[PDB]
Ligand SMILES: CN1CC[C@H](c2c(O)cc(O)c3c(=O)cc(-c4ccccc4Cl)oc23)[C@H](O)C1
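Okay, so here's just one chain, in structure tokens, the form solved without the ligand.
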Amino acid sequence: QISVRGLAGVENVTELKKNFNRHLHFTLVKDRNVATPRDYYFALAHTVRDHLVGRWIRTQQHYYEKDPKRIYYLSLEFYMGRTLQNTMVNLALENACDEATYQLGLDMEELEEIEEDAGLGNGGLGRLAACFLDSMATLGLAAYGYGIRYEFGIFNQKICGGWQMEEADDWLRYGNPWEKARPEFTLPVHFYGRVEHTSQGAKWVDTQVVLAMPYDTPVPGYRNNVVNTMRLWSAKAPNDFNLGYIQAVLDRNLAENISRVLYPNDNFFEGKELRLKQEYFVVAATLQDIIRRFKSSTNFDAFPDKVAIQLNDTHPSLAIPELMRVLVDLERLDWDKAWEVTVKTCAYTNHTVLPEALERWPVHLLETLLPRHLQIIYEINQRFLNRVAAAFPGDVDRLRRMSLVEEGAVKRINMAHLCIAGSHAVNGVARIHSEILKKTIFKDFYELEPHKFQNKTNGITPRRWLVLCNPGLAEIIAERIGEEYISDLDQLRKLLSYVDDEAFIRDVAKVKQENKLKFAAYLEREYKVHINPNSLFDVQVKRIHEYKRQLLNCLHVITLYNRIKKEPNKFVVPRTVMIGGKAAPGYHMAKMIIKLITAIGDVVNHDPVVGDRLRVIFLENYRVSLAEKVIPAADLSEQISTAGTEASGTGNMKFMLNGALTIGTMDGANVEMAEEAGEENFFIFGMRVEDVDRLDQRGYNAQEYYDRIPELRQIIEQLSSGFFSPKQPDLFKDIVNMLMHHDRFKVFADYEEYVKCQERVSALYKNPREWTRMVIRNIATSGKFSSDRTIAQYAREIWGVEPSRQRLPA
């Protein structure tokens, strides 16, 4: 149908049809008489999967022959989403499969909706890992993603009586065609025990053993015949575990619980033992795998020349002391040499400056679970602090600030401090964030070792986030500038010479309208909710957090409602306000915010005077597959975090690429997005980082804003009096109390500028031609935010490897 989806050659279509029928018969044990849509999905998945095999085997043997430096990306989260369409896109099989299925009497888009998301992440950090894998394969790097195969990913969200309910994400129930179990490569992981000091160094003895069984998933590059590997570890009990008899067999569950479920708390670090076990589990199994592969190429001087380990936050930070443990205790290297190798091997990426999110493990937990690692951490700390003392003589407070060990009621290990000490490179994820790290939380470390600190601005893959989710836009771009931009996104700059092109203006607006119509139809069919497709689609989708200020959006919504009620017969630009995202199960305030959004909808959506001029919808179960639907449909992207709190954001980049305009603060990557597009093409409002600092020095008094802004006062009175909860008048008392007395994120301080800025959005939307021209200026300058750019920078500036767009033979 469309060019970017590839060729549907007669020979290919014929072969796909027969292989589909072969799998339906031999693999699924079904015929066309009893087969269901799910059976058809699986037949197609197996058919497409077959095309990966040759490339997967030959990519891996190519790495063995050429022996390049290997990149190991360690993460507790990989937010992959669906695999079928992405695989077809990267193999140029989409049109051929569409034709093959069509000739068999099937709708491929219907089959695609059957696949479960691989939801092995919470949000941004997990999705970044996924985009990175796609980019590393596209750029021909010898890269491996290592993580945990959770039996249950991020919970499915149900909304019941306006409240979030959590249900288990049983994503493996029907099987996973994309993984290959590798039981033959199972490795042991050790826990508990004790340290014995002998004549020839320390020995870690009397341990309990859990087995790590790998499952491999192919990661195809974009049309370069490269297929890399994501290896996820699953926990298995040894066969003599607990070996009255029945109970011993049942108790195997305790060991296997390590890989059972993803921790869904992305707001607040909780020092839970099971989480610590998960972190060591992935680190210990992965490092054994790395060392084995290195030995199968005695001398560890060349280790950092052949191995790079990237730590996705501090979650896999135990890699540092584990590598030291193996090198010192098992390989018998001297400490100084092992440390040199470790530092040159490891690099650390930070994703937030919020203090409550930072990992600070109680010493007593590490003492019991990982006694040798604690001893190694203590030794690292002493040697590090001796360096600090030598560089800054007499600065005793610096010594306590920089220590890996934090004193207090309970002693804790600061895992970020461990990561900085043990890595040759530390990076933030957007320019402003990286600067904040050097000026604030890691200031002391920057002063000691300035060369370690870098920036790597985040990005998104244009395969999933344009070609896959928005083929209509990809095609109209391809018609003008060709197909090369898909792996070279900077080429989008060529679209600037089309800003006054009448045909292109019409085509861009048409694609958006089609996407909006499709999403409006999705909402009616799956949820029975009615929306006006002609309204401005105002979208805020992301995890629910106070710092992300969904509450500020709520205040604007109520403002618009109140203004309509005051002047009913005055024209306003119609809006559909959509808010979606999951709340961490133990985050009370976030759960209250969800209830508020639904409560506002209950009032607004049923007011006859409002009509179709304002609609408020909570998008249930926001996840990767839903993002792929809603982002192409969006007109306005809400990126409204308090300046200095969102490290980067990546949803922002997805919206920019797909033809939405952005209303945002100068926070995270918003700054660079505005820099690329031009400030005149961005709806920028509110306090800058410097303004927040000034307010903190003075003291934030929310009462001041309440007293001076009548429209804000009305909203607070409505919330407190029970206007949005008639049967439970004091339901939102916690929200009001927080806003008035304990608001860390200064919601009231940005209220006036936000509402005014929103008025300017509505003004521009009244002029469809000028709206679309500004959209074109955004899409055309989105090139910097390709994860291909991000990965090329990691490769050149941290890992010491050169990317390549050269094809492997098919």
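Throughout, we count residues from 1 along the sequence that is shown. Between two forms, the rigid core is defined as the largest C-alpha subset superposing within 1.5 Å.
Remark: when the other structures in 7 other deposited structures of this protein are fitted onto this one via the rigid core, 265 to 273 deviates more than the alternative among 265 to 273 and 613 to 621, judged by RMS CA distance. Across the other entries compared, at least a third leave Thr298 without coordinates even though the residues on each side are present.
Where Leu243 is followed by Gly244 in the displayed chain, the model omits 4 to 9 of the deposited residues that sit between the two. Per the record, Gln697 and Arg698 are directly connected, as no deposited residue between them is missing from the model. Taking only CA atoms, the mean B-factor in the PDB entry is higher for 477 to 485 than for the other of 477 to 485 and 128 to 136. Averaged over CA atoms, B-factors in the entry run higher in 727 to 735 than in the other of 727 to 735 and 205 to 213. When the C-alpha B-factors of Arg82, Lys518, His433, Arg623 are read from the PDB record, the largest value belongs to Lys518. In the PDB entry, the Cα temperature factor peaks, among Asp313, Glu322, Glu406, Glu672, at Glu406. In this PDB entry, the Cα temperature factor of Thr186 sits in the middle third of its chain's modelled residues. Among all modelled residues in this chain, the alpha-carbon of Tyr751 has a temperature factor (C-alpha) in the middle third.
When the modelled residues of the chain are ordered by C-alpha B-factor, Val609 sits in the highest third. Sort the modelled residues of the chain by CA B factor and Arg773 lands in the middle third. The PDB entry assigns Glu802 a C-alpha temperature factor belonging to the highest third of its chain's modelled residues.
Another form exists, deposited with the ligand bound; not displayed. Remarks below refer to it.
In this form the binding site is blocked, since the ligand, overlaid from its pose in the deposited bound form, puts three or more atoms within 2.4 angstroms of backbone or C-beta atoms.
Only one of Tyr561, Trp339, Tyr587, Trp171 comes within 4.5 Å of the ligand in the deposited bound form through a heavy atom, and that residue is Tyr587.
This chain is drawn without the ligand; in the deposited bound form, the residue among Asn265, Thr598, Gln491, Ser487 with a heavy atom within 4.5 Å of it is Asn265.
The stretch among 716 to 724, 604 to 612, 692 to 700, 538 to 546 whose residues place heavy atoms within 4.5 Å of the ligand in the deposited bound form is 538 to 546. Although the partner is absent here, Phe745 is a contact residue: one of its heavy atoms lies within 4.5 angstroms of the ligand in the deposited bound form. Contact check for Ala425: no non-hydrogen atom falls within 4.5 Å of the ligand in the deposited bound form. Although the partner is absent here, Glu502 sits far enough away that none of its heavy atoms falls within 4.5 Å of the ligand in the deposited bound form. Of the heavy atoms in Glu356, some are within 4.5 Å of the ligand in the deposited bound form.
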